[PDB]
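What follows is the residue order along each chain.
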Amino acid sequence: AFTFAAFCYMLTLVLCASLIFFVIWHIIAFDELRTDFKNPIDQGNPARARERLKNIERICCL
Amino acid sequence: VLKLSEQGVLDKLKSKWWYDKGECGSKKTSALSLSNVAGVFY
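What counts, and where the lines are drawn
Each chain carries its own residue count, beginning from 1 and running in the order its sequence is written; this scheme need not agree with the entry numbering, and residues with no coordinates do not appear. Note on labels: chains are lettered from A, ligands numbered from 1, in written order. Only a portion of a larger assembly is shown here, and every reported value applies to that portion alone. By convention in this description, side-chain values take in all heavy atoms of the structure and omit both hydrogens and water. Residues with missing side-chain atoms are left out of burial classes, side-chain pairs and their counts. For the purposes of this entry, the term helix denotes a DSSP run of H or I that reaches at least four residues, the term strand denotes a run of E that reaches at least two, and both are numbered from the N terminus. We compute the radius of gyration from the C-alpha atoms alone; for a globule the expected value is 2.2 Å times N to the 0.38, where N is the number of residues. Contact definition: two residues touch when any of their heavy atoms are within 4.5 Å. Centre distance within 6.5 Å is the pairing criterion for rings of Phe, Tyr and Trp, where only the six-membered ring of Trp is used; planes under 30 degrees apart are then read as stacked, over 60 as edge-to-face, and the remainder as tilted. Placement of a positive charge over a ring is assigned whenever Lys NZ or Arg CZ falls within 6 Å of the ring centre and within 35 degrees of the normal to the ring plane. By the convention adopted, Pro, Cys, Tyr, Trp, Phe, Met, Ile, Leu, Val and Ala count as nonpolar, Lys, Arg, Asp and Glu as charged, and the other residues, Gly among them, as polar.

> Which parts of the structure should I look at to understand the overall build of chain B?
The secondary structure content of chain B amounts to three helices and zero strands. With the principal axes as the frame, chain B shows a C-alpha extent of 65 × 20 × 10 Å.

Written as structure tokens, this is what we have:
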């Protein structure tokens, strides 16, 4: 029957979706980082270098 | 009969044929239980 442990399990079940969301966000951000890294890292254009650096910083902050 | 009663034989037979062969078992708080308010948590 309903008890303290069952309620704990329900609440953890609801809160584990958040962890799944967080890890999915992690892997998406790291896939973007890989797309930036494995792709040529030439920074000849100052604007391109600044944009890439700010993207990296933004993802790290996130 | 009296000797058996003092020796406890009759009580043992009583327990055996009434309880040690019963289909059922052998044998409190007014505080609200979690079953009363389960729907709230659900």
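> How do you make sense of the overall build of chain A when you look at a structure like this?
On a plain count of helices and strands, chain A comes out with two helices and zero strands. Against the compact-globule benchmark of 11 Å for 62 residues, chain A has a radius of gyration of 20 Å, which places it well outside the compact range. Dimensions of chain A along its principal axes, counting C-alpha atoms only, are 65 × 20 × 10 Å.

> How should I be thinking about the environment of A:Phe2 in this particular structure?
Take A:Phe2: it is sitting in the segment before α1 (4-38). The sequence separation of A:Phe2 and A:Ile20 amounts to 18 residues, and the corresponding C-alpha distance is 26 Å. With sequence-adjacent residues up to four places away left out, A:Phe2 is seen in contact with A:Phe7, A:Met10, B:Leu34, B:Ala38, B:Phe41 and B:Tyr42.

> Please explain the packing of aromatic side chains as it appears in this structure.
Working definition: an aromatic ring pair is given by the centre-to-centre distance plus the angle between the planes. Judged by centre distance (6.1 Å) and plane angle (45°), the ring pair of A:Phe2 and B:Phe41 falls under tilted. Of this pair, A:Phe2 sits in the segment before α1 while B:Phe41 sits in helix α3 (residues 38-41), placing the two residues on different chains. With centroids separated by 5.1 Å and ring planes inclined at 80°, the aromatic side chains of A:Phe7 and B:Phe41 adopt a geometry described as edge-to-face. You can see A:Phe7 sitting in helix α1 and its partner B:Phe41 sitting in helix α3, one on each of two chains. Above the plane of the ring of B:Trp18 lies B:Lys14, whose end atom (NZ or CZ) is 5.2 Å from the centre.

> What am I meant to see in the interface of chain A and chain B here?
It is common to report an interface's size as the accessible area lost on association of the parts. Across the contact, five residues belong to chain A and four residues belong to chain B. Residue classes in the side of chain A that touches chain B are distributed as four nonpolar, one polar and no charged.

These results come straight from atomic positions and should not be treated as a statement about function.
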